[PDB]
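Tertiary structure, described
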Amino acid sequence: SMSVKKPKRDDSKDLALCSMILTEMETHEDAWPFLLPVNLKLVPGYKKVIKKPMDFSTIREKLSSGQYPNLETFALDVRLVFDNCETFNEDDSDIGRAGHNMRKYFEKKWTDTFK
């Protein structure tokens, strides 16, 4: 509360460490469905159904330009990528399996880096 603060957690390396995690996600072999925004002209149903599209390139640009105020808003956009993928893709599809694999991969790096 006012003039009563928990001890200051060091957040000075968060930007660098989120960039490293994002590099690792970008270079995973199963990243291909997620590297670029879904083409809303060429993929029927996507625009209407997925209210907030997100992809790794868009996260990378937001990261590079100070549009994440803290590491939790970064994790929210990464998770949005996989939540979108589950919304639109069957579990038993290549893209559906990719998304599960990537989410697992991300969540381990997140835990090991920050928790």
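Residues numbered from 1 in each chain as written, not as in the entry; some residues may be left out. Heavy atoms only, no water. Residues with missing side-chain atoms left out of burial classes, pairs and counts.

**Quick look at the overall build of the protein chain**
Selection criterion: Each helix corresponds to a stretch of at least 4 residues labelled H or I by DSSP, and each strand to a stretch of at least 2 residues labelled E; elements are numbered beginning at the N terminus. Throughout, a residue-residue contact means that at least one pair of heavy atoms, one from each residue, lies within 4.5 Å.
Helix and strand counts for the protein chain stand at five helices and zero strands. Listing the helices and strands of the protein chain from first to last along the sequence gives α-α-α-α-α. Projected onto its principal axes, the C-alpha positions of the protein chain cover 55 × 25 × 25 Å. Considering only residue pairs separated by 6 or more positions, the protein chain has 67% of its internal contacts joining residues 24 or more positions apart.

**Let's talk about a nonpolar patch on the surface**
Condition: Each patch is built from salt-bridge-free residues with over 30% relative accessible area, joining like charges within 9 Å and nonpolar side chains (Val, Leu, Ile, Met, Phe, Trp, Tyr) within 5 Å. Accessible surface area values rest on a Shrake-Rupley calculation with a 1.4 Å probe, where residue burial reflects the displayed protein chains alone. Note on definitions: salt bridges are taken to be side-chain nitrogens of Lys or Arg within 4 Å of carboxyl oxygens of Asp or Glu. For the exposure calls, accessible area comes from a 1.4 Å probe over protein chains only, and a residue counts as buried if that area is under 20% of its type's maximum, exposed if over 50%, partly exposed in between.
A grouping of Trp-32, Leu-35 and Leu-36 is seen on the molecular surface, where their side chains present a nonpolar patch of about 330 Å² in accessible area. Locating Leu-35 in the fold gives a position in the loop between α1 (14–26) and α2 (46–49). A residue is classified by how much of its surface remains accessible, and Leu-35, at 33% relative accessible area, is partly exposed.

**Concerning the nonpolar core**
To keep things clear, this is the line we draw: Put simply, a nonpolar core is a bunch of buried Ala, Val, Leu, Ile, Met, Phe, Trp, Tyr and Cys residues held in one set by side-chain atoms that sit within 4.5 Å of each other.
Ranked by internal contacts, the top residues of the largest apolar core, which has 23 residues, are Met-25, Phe-56, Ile-59, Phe-74, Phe-82 and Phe-106. Every element with two or more residues in this core is listed here: α1, α3 (56–64), α4 (71–88) and α5 (94–114). No other element matches α4, which puts eight residues into this core.

**Quick notes on the pattern of salt bridges**
Scanning the entire structure with this criterion turns up 10 salt bridges. The structure contains a network of salt bridges with shared partners spanning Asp-83, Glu-86 and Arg-103.

**Quick look at the packing of aromatic side chains**
Filter applied, for reference: Only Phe, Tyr and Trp rings take part, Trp by its six-membered ring, and two of them pair if their centres are within 6.5 Å. Stacked means planes under 30 degrees apart, edge-to-face means over 60, and tilted covers everything else.
Applying the stated criterion to the full structure yields eight aromatic pairs. Aromatic pair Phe-34 and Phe-82: ring centres 5.7 Å apart, planes at 90°, arrangement edge-to-face. Here the residue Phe-34 occupies a position in the loop between α1 and α2, and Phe-82 occupies one in helix α4, the gap between them amounting to 48 residues. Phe-82 carries the same exposure label as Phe-34, and that label is buried.

**Observations regarding the side chain of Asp-30**
Let me state the cut-off plainly: In this tally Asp and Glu are treated as negative and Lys and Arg as positive; neither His nor the chain ends contributes.
The residue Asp-30 is located in the loop between α1 and α2 in this model. For the buried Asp-30, no salt bridge exists, and the shortest N-O distance to an oppositely charged side chain is 8.4 Å, to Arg-97. Contacts of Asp-30, omitting those with residues within four sequence positions, involve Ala-98, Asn-101 and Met-102.

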